[PDB]
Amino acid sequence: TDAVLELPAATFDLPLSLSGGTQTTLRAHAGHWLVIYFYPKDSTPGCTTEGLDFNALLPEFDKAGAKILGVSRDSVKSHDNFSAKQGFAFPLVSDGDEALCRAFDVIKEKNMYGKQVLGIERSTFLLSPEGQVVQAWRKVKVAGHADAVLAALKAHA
């Protein structure tokens, strides 16, 4: 009743390549809140602002035992470079095959350039300690977003 999104069951066991060379899975995060924020491109203004915003709020997320994962389809190397430059203290998922993106249905289409163009739509999701997606933000505007996500986490937790 509380889920706003149902993920394919296999989603939770997908090996997610992280910045730093390790993997995680959503199931591995059982027992605590997880924020998953999808962004279109490493090292761009909006995605950097969003990452830095979450990073600045990390201790507030820590208070709730929550973990953050940023997700794009950039490579692990790109993620490493991005994370190092910005000083992120949470992992970035290299979703190169967009398996996680598709599971969360963040690959969206736009009619532009006389074509049908797919891309990551900036989106964020709150996952409960039992892996339920209890809140979603789509077509995210970066300004104030990490604040809003933190507030929602605090409301839910």
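Quick note: we count residues from 1 along the sequence shown, nothing fancier.
Set 126-134 against 109-117 and average the Cα temperature factors; 109-117 ends up higher. For the pair 142-150 and 5-13, the record assigns the higher mean C-alpha temperature factor to 5-13. As recorded in the PDB entry, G31 shows the highest C-alpha B-factor of the residues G96, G31, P91, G51.
For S19, the recorded CA temperature factor ranks within the middle third of the chain's modelled residues.
Sort the modelled residues of the chain by CA B factor and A64 lands in the highest third.
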